[PDB]
Every structure is written in structure tokens, then in C-alpha cells.
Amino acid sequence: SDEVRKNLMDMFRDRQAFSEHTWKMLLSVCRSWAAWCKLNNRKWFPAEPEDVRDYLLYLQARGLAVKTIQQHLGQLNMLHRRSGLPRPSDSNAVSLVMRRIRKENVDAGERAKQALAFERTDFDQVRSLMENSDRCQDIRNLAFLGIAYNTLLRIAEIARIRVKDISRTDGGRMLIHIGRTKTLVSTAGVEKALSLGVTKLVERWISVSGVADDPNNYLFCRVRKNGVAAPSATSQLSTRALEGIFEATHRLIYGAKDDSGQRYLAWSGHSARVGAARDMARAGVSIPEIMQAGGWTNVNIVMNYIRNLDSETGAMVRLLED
């Protein structure tokens, strides 16, 4: 009892060992665990094998994906392994349930999804539809869609871009010094170049936003219902908003969502990555050159984004078709 008390103390002391996103995910499973526990009358700490087993089967019946269920058992294991208690994973029962749960769900046809592709053809359409709009928020959203599809950057990354990071490269095109790595052995930063057109799109946004009045202002900002931008160097556009620009843009062209509870029915924050990656493959860009685009050090993700491309059908098809 003392030993766990101390180990809990360790964690909050070096709570910085993890990102707030992680902690938030940890607290979410405890609340879930604790609530299922009190409800079913089981001590939630230290968790017992059968109880955990019973909970995991409950998450499965709850319709949660295998990775989600693994994430629940995961955190639960952290807590225990960290404190002086054994991890439920080391128990025969839990080990067995996850196993059957895994294949039962795979058997049912569970598949990992990914963002709906936002391709050049999509960008062209949007660009056309909104090219001549004078609406501030529209100008912002086109520039965003340009940078996002052009740079393949992630949403949290586009969010952090300040004005002082935009340099002018050859031809007048824009260059954005950005940071897309978070490991010791990696590249501290990269420079992203924008085509002539996309640079023009962003040029208009900044001109109609005033984000440039102060270099420390983030490229993208809030635009209120009056169509009036709200520059700032301290607060940035949330990633939810950036996700909003994608969904909203999808509605513009396809109207209300395809209902259903399904995910990726409209565009999301990773849609441009999936799209740029596939156009690059379609254009025959050197596989590594594609990795540079998105910052991949392996081809695992890019192979998923282009899995259905005819250029990736394989040897057997190549042989059969001579």
C-alpha cells in the first residue's frame, strides 16, 4: 500500500515524462474502468485477472475496435507495472481473451481506416469554386487547403506556423521553415516550398488578414462571422478548426454528410497527406521522394495510402498480363 503510494508520487512528480495527450488518454481509461467496476461490483485497484477479462469482453460487446480495447488494457497495464502491482496482461485469462477477441473481431471484418483522399482533382475543383471569392474566410480556407496538400504537413504543424517562418525562395515561391520531428535522432526541421499558385493563394490570405503586421503572428487565425480576421502571436487556430475547414469544404461540394456513424465520410486533417501521397505515386515520383514529402522513414503508411493504385498491383498481375 505504501509502495504504490510512493510510485504514484513518482509519476505526478515526473508527469512531464509524457504528453498531456497521453495523460488525458490514461485518465479516460481509469474513469471507464472505475465506472464499470463500481457498476459490476469489483475492486478497480489492484485489478484482478477475471475482472479485467470481464471488462475487455464488455468493451468488445460495446463494439470497440481491437486497437481501442488494446489501449484500454494498455493503460491498465501501465498503472500496475509502474506501481508495485502485476500487469493484468501477465495473466493467463487476460492473455486468452485478448487473443480470441482479436480474431473474433478480425473475423467479423474489422478494418483500420484512414482519411478520405483529398487529391489534386479535388483541390482543382475547390480552387475553381472559390478562386474568385472575396470572402475573407474563403481566402483563408483555400490557402490552408493549398499549404496542406502542397506540404503534406500535419494539422498540429500547420497550426504552429508563424509568419516569421515564411521565407522567399527562388522564383518568388514561398518557403516555410517548419519542424516535423519529435525524436532525438531525427531532423530538427525542414523547409517546405510552395508552388507559384499556392504561394499566391497564401499571399492573398495574409494580405486580407493582416497576420503579417507582426512576424510572431501565426499564419492562420480566427475569422469571425463578420468576415474579419483575428491575428495573434499567442493563440493559434485549434486543430479542430483546421479539421472543420476540411469537413466544411466537403459539404460545400457534397452537401450534408453521408449520415451513418462511420468515420472519414468527409475530409479530415489527414486527407491531403493521403491525397498528395497518391498523386505523387500516380505521377511516378521516386518512392523515397514521396517519403520526404510526408516525413516517412519507411513505406508502411504510404503503402496503405496507395494500396489500391494500379501501379501497386504486384508481380502476379504483371506476369499474367505479360
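Numbers follow the displayed sequence, beginning with 1.
Visitor: Tell me which of 224-232 and 183-191 has the higher mean C-alpha B-factor in the deposited entry.
Guide: Mean CA B-factor is higher for 183-191.
Visitor: Per the entry, where is the mean C-alpha temperature factor higher: 261-269 or 28-36?
Guide: Looking at the record's C-alpha B-factors, the answer is 261-269.
Visitor: Could you tell me which one of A281, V274, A47, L56 shows the highest CA temperature factor in the PDB record?
Guide: Of the candidates given, the C-alpha B-factor peaks at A47.
Visitor: Choose from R81, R160, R154, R120 the residue with the greatest Cα B-factor as stated in the PDB record.
Guide: Going by the entry's C-alpha B-factors, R81 comes out highest.
Visitor: Would the CA B-factor of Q60 place it in the lowest, middle or highest third of its chain?
Guide: For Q60, the deposited C-alpha B-factor lands in the lowest third.
Visitor: Can you tell me which third, lowest, middle or highest, the CA B-factor of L252 falls into for its chain?
Guide: Within its chain, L252 is a lowest-third residue by C-alpha B-factor, going by the deposited values.
Visitor: Considering only modelled residues of the same chain, in which third does the CA B-factor of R318 rank: lowest, middle or highest?
Guide: Ranked within chain, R318 CA B lands in the lowest tercile.
Visitor: Taking the C-alpha B-factors as the PDB entry records them, is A293 in the lowest, middle or highest third of its chain?
Guide: Middle third of the chain for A293's C-alpha B-factor.
Visitor: Going by the CA temperature factor in the PDB record, which third of the chain does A212 belong to: lowest, middle or highest?
Guide: For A212, the deposited C-alpha B-factor lands in the highest third.
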